[PDB]
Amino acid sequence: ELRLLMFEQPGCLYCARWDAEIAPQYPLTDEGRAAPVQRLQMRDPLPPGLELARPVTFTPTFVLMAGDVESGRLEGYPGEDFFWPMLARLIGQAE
């Protein structure tokens, strides 16, 4: 019941970097398969039933959901080598 919500907005260069660098590999990796990604726009209303710990104020933000509730989040994308182990900490903490 893990999912990774990725919050984006128009003109976000760091979203576009993640989309080019991580997104293609993501569903093909163990991590990606453990927490499938779903993109949303920061300024839209949330999909119904989804409970966040606090508003999304930065893009990209990646929120790890356990069922319908935020377990943890990563804000920003400083590069591939930052993304993977930080996401792994979140996945570990959700179980």
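So that there is no doubt, residue numbering starts at 1 and follows the sequence shown.
Per-stretch averaging of Cα B factors for 86-94 and 2-10 places 86-94 on top. Going by the entry's values, 46 shows the largest Cα B-factor out of 46, 65, 28, 56. In this PDB entry, the Cα temperature factor of residue 72 sits in the bottom third of its chain's modelled residues, the lowest group. Residue 52: CA B factor lies in the lowest third for its chain, per the PDB record.
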